[PDB]
Amino acid sequence: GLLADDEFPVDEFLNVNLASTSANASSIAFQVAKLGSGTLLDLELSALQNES
Amino acid sequence: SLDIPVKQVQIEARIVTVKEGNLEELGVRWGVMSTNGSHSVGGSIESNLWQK
């Protein structure tokens, strides 16, 4: 109950934040959310490969 | 001996130009969104946080 503003700290949530930084990168993301025992875990992969 | 009538010449230039061009592009846009009960699959982390 300690912090005042509570919608979701999307940036304070993440442990490892090393996303592929581009405009055409493709991703996919998996989740496990209980909310009864509290546990939540998220995992997203992203990639890109081009040629010219 | 000098002053005599001279000849006349007709000169005609011709400039020709021809251009051609071709272009082709193909693209794809797809997405998925699914939930299972404490399990989800999406295309980002904000996506999984929204379908909750």
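What counts, and at which threshold
Per the conventions used, each chain is numbered from 1 along its written sequence, independently of whether this matches the entry, and residues without coordinates are not displayed. The order in which chains are written sets their letters, starting at A; the order in which ligands are written sets their numbers, starting at 1. Shown here is not the whole assembly but part of a larger one, and the values apply to the part shown. Neither water nor hydrogens contribute to the side-chain values; these are computed over all heavy atoms in the structure. Under the DSSP-based scheme used, a helix requires at least four consecutive residues in state H or I and a strand at least two consecutive residues in state E, with every element numbered from the N terminus. For the radius of gyration, the atoms used are the C-alpha atoms, and the globule rule reads 2.2 Å times the number of residues raised to 0.38. Only protein chains enter the area calculation, which uses a 1.4 Å probe; residues under 20% of their type maximum are buried, those over 50% are exposed, and those in between are partly exposed. Whether two residues are in contact is decided by their heavy atoms: any pair within 4.5 Å suffices. The Shrake-Rupley method, run with a 1.4 Å probe sphere, supplies the accessible areas, and residue values consider only the shown protein chains as cover. When charges are counted, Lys and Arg are positive and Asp and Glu negative, with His and the chain ends excluded. To locate a charge, take atom NZ for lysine, CZ for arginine, CG for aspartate or CD for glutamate. For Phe, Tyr and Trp, rings pair up if their centres lie within 6.5 Å, where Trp contributes its six-membered ring, and each pair is then called stacked (planes under 30 degrees apart), edge-to-face (over 60) or tilted (otherwise). In protein, a polar contact means a hydrogen-donor-capable atom and an acceptor-capable atom, both N or O and within 3.5 Å, with residues adjacent in sequence counting only if both atoms are side-chain atoms; elsewhere, any N or O pair within 3.5 Å suffices.

Determination of this PDB entry was carried out by cryo-EM to a resolution of 2.7 Å, according to the record.

Digging into the overall build of chain A
When helices and strands are counted, chain A shows one helix and two strands. What you see in chain A, going N to C, is helices and strands ordered as α-β-β. Whereas a compact globule of 52 residues would reach a radius of gyration of roughly 10 Å, chain A reaches 15 Å, over 25% beyond that. With respect to the principal axes defined by its C-alpha atoms, chain A has extents near 55 × 25 × 15 Å. Taking all 52 residues of chain A together, the buried fraction comes to 8%. Counting only contacts in chain A whose residues sit at least 6 apart along the sequence, the fraction spanning at least 24 positions is 23%. Carbon together with sulfur atoms contributes 52% to the accessible area of chain A, which is approximately 4900 Å² in total.

Things to note about the overall build of chain B
Per the secondary structure count, chain B includes one helix and two strands. Sequence-ordered secondary structure for chain B, helices as α and strands as β, is β-β-α. Scaling as 2.2 N^0.38, a compact globule of 52 residues should have a C-alpha radius of gyration of about 10 Å, whereas chain B reaches 38 Å, well beyond that. A principal-axis box enclosing the C-alpha atoms of chain B has dimensions of 115 × 15 × 10 Å. Sorting the 52 residues of chain B into buried and exposed places 13% on the buried side. Of the roughly 5800 Å² of accessible surface on chain B, a fraction of 53% belongs to carbon and sulfur atoms. Taking the average place of the 5 positive charges on the side chains of chain B and the average place of its 6 negative ones, the gap between the two points comes to 5 Å.

Looking at the packing of aromatic side chains
Summed over all chains, the structure comprises one aromatic pair over all chains. An angle of 45 degrees between the planes, with centres 5.7 Å apart, marks the rings of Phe8(A) and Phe13(A) as tilted.

Re the environment of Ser46(A)
All names here are of chain A. Tracing the backbone shows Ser46 in strand β2 (residues 40-47). For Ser46, a relative accessible area of 32% puts it in the partly exposed group. Separated by 30 residues in sequence, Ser46 and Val16 place their C-alpha atoms 13 Å apart. If sequence neighbours within four positions are ignored, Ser46 has contacts with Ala19, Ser20, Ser26 and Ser27. Looking at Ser46, its side chain comes within polar contact range of the main-chain nitrogen of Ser20, at 3.2 Å.

Notes on unusual backbone geometry
Positive phi outside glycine occurs at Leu35(A), with the angle close to 70 degrees. A relative accessible area of 66% places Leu35(A) in the exposed class.

Let's talk about the environment of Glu25(B)
All names here are of chain B. Within the secondary structure, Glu25 is located in the segment before β1 (34-35). What makes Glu25 exposed here is its relative accessible area of 74%. Taking the C-alpha atoms as reference, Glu25 lies 38 Å from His39; in sequence the two are 14 residues apart.

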